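Source file: model.pdb; contents: PDB, C-alpha atoms.
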ATOM      1  CA  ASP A   1      -1.086  -6.156  -1.738  1.00  0.00           C
ATOM      2  CA  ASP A   2      -0.934  -4.842   1.896  1.00  0.00           C
ATOM      3  CA  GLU A   3      -3.024  -1.734   1.042  1.00  0.00           C
ATOM      4  CA  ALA A   4      -6.630  -2.975   0.495  1.00  0.00           C
ATOM      5  CA  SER A   5      -7.519  -0.275  -2.134  1.00  0.00           C
ATOM      6  CA  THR A   6      -4.361  -0.776  -4.308  1.00  0.00           C
ATOM      7  CA  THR A   7      -2.013  -3.691  -5.016  1.00  0.00           C
ATOM      8  CA  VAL A   8      -0.292  -2.343  -8.199  1.00  0.00           C
ATOM      9  CA  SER A   9       0.680   1.109  -6.779  1.00  0.00           C
ATOM     10  CA  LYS A  10       2.945  -0.060  -3.951  1.00  0.00           C
ATOM     11  CA  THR A  11       4.713   2.930  -2.375  1.00  0.00           C
ATOM     12  CA  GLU A  12       5.921   3.789   1.169  1.00  0.00           C
ATOM     13  CA  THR A  13       2.663   5.777   1.713  1.00  0.00           C
ATOM     14  CA  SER A  14       0.750   2.730   0.370  1.00  0.00           C
ATOM     15  CA  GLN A  15       2.393   0.677   3.220  1.00  0.00           C
ATOM     16  CA  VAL A  16       1.526   3.418   5.777  1.00  0.00           C
ATOM     17  CA  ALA A  17      -2.231   3.135   4.940  1.00  0.00           C
ATOM     18  CA  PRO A  18      -2.295  -0.291   6.702  1.00  0.00           C
ATOM     19  CA  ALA A  19       0.425   0.680   9.258  1.00  0.00           C
TER      20      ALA A  19
END

With the file now loaded, output its structure as structure tokens.
Amino acid sequence: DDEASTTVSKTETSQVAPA
């Protein structure tokens, strides 16, 4: 949800892509 491109795939790196 935080990472514009992907909501499903929610990893630590996925969080990093916002902040």

Build an axis-aligned box that encloses every atom of stretch 3-19 of chain A listed in the file, pad it by 6 Å on each side, and report its centre and edge lengths in Å to one decimal, as lines of an AutoDock Vina configuration file.
center_x = -0.8
center_y = 1.0
center_z = 0.5
size_x = 25.4
size_y = 21.5
size_z = 29.5

Can you list, as an mmCIF file with C-alpha atoms, keeping the file's coordinate frame, every protein, DNA or RNA residue that comes within 12 Å of residue A:5 when you count only C-alpha atoms, leaving out same-chain residues fewer than 6 positions away?
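Wrote it out as around.cif, contents follow:
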data_model
loop_
_atom_site.group_PDB
_atom_site.id
_atom_site.type_symbol
_atom_site.label_atom_id
_atom_site.label_comp_id
_atom_site.auth_asym_id
_atom_site.auth_seq_id
_atom_site.Cartn_x
_atom_site.Cartn_y
_atom_site.Cartn_z
ATOM 1 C CA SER A 14 0.750 2.730 0.370
ATOM 2 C CA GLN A 15 2.393 0.677 3.220
ATOM 3 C CA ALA A 17 -2.231 3.135 4.940
ATOM 4 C CA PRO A 18 -2.295 -0.291 6.702
#

message = Report as a PyMOL selection string all protein, DNA and RNA residues lying within 10 Å of residue A:1, evaluated on all atoms listed in the file, omitting residues in the same chain fewer than 5 positions from it.
response = chain A and resi 6-10+14-15
